[PDB]
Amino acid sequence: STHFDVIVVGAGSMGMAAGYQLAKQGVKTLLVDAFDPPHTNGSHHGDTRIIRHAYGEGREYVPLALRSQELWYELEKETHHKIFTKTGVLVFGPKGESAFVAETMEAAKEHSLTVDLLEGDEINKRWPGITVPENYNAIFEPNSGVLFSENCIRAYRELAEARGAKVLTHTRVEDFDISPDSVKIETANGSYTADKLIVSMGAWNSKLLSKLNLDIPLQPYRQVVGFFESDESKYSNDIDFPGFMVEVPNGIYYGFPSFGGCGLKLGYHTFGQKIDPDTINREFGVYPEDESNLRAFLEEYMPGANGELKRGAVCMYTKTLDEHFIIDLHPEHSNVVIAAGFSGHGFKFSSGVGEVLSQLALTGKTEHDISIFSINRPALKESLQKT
């Protein structure tokens, strides 16, 4: 019975940000989510998320990283929820043996980002609690840091709803019916129509995009993290222990300083179980790798934080073949915007993506350069399920 200007399916990290940007402009928006964001069934829980500017995944992400940072500061001033803490972000690895470290330094140089460069014992000297080999080098970004992801989504939601946005919770979208001049969604709670559609279902994009005649390789991964009882005199944000993302022989790890004594949080990025969001086991510890992969890191590089496991969380990445995002219009429907495959590193950009999605939905174009996120790029292996 009711139409909308724009309908956002999946009101999570990207969708809720888009909802806020749309509502902010008086655009009558309906956001539909299978749950009640923020929640623990998607990819945004775990309390915290790292934001980096000097981007090791590729220096082309910097502009979006910087715009997103400015938007996070703006959100901080608009809500009572805590949004960002400037812990700084440390990146280290074996000298000359880390592509991630190399690209980070290059990204820094190329965009004139403020960073500190140090090696070996200088790393251990500066940050009691971190022990790396003499052959290790590092780049520290003082001004990037940590975002409180659940708070971000919560704030964007409260703000969007206050502006008129409608949020239909616990309602899973089951199908799509797209037309030349309108879009329609089917749910158990009723059907809804609008002029434009934004699709941002996270891990579920790998299962439901086929409903839009899109055949794109997207693989969901089970990715856990653990909070460990740590030596507060070394790992507390209060004593300036930084957030970090590093690359050692067996891969890439990321962590957060202890906030208010919650313990240092650590996650292993490189490995994760291939899963389906509908059958994934969300209990931490069911796989021996969950806790063992983390402690193996701590015992070697941050021994003082290898205490009791205080809490474990299970979350998901949705990877593309090239690990770059998908942000573009549906190849056959200019009134349909797709946001998918953030491959484990998209939260920091959610504020900026919200803006991009808003622009694409309203005008079919964006001021941002998102060519590398094209849904038609060859490295993606995208195609229609039947042309």
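Numbering starts at 1 and runs along the sequence shown.
Asker: Which of the two stretches, 73 to 81 or 283 to 291, shows the higher mean Cα temperature factor in the record?
Answerer: Higher mean C-alpha B-factor: 283 to 291.
Asker: Mean C-alpha B factor from the entry: is it higher for 187 to 195 or for 208 to 216?
Answerer: Comparing 187 to 195 with 208 to 216, the higher average CA B-factor belongs to 208 to 216.
Asker: Sorting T171, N151, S182, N143 by Cα temperature factor from the record, which one lands on top?
Answerer: Highest C-alpha B-factor among the listed residues goes to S182.
Asker: Per the entry's Cα B factor values, which of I123, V91, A313, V167 stands out as the maximum?
Answerer: Spelled out: the listed residue with the top C-alpha B-factor is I123.
Asker: Pull the Cα B-factor of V27 out of the PDB entry and bin it into the chain's lowest, middle or highest third.
Answerer: Its C-alpha B-factor belongs to the highest third of this chain's values.
Asker: Split the chain's modelled residues into thirds by Cα B-factor; is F325 in the lowest, middle or highest one?
Answerer: Its C-alpha B-factor, which the entry lists for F325, ranks in the middle third among residues of this chain.
Asker: Within this chain, which third does the Cα B-factor at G260 fall in: lowest, middle or highest?
Answerer: Within its chain, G260 is a middle-third residue by C-alpha B-factor, going by the deposited values.
Asker: Could you look up the Cα B-factor of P277 in the entry and say which third of the chain it sits in: lowest, middle or highest?
Answerer: Answer is middle: the recorded C-alpha B-factor places it there.
Asker: Taking the chain's C-alpha temperature factors as the reference, tell me which third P331 falls into: lowest, middle or highest.
Answerer: It belongs to the highest third of the chain when residues are ordered by C-alpha B-factor.
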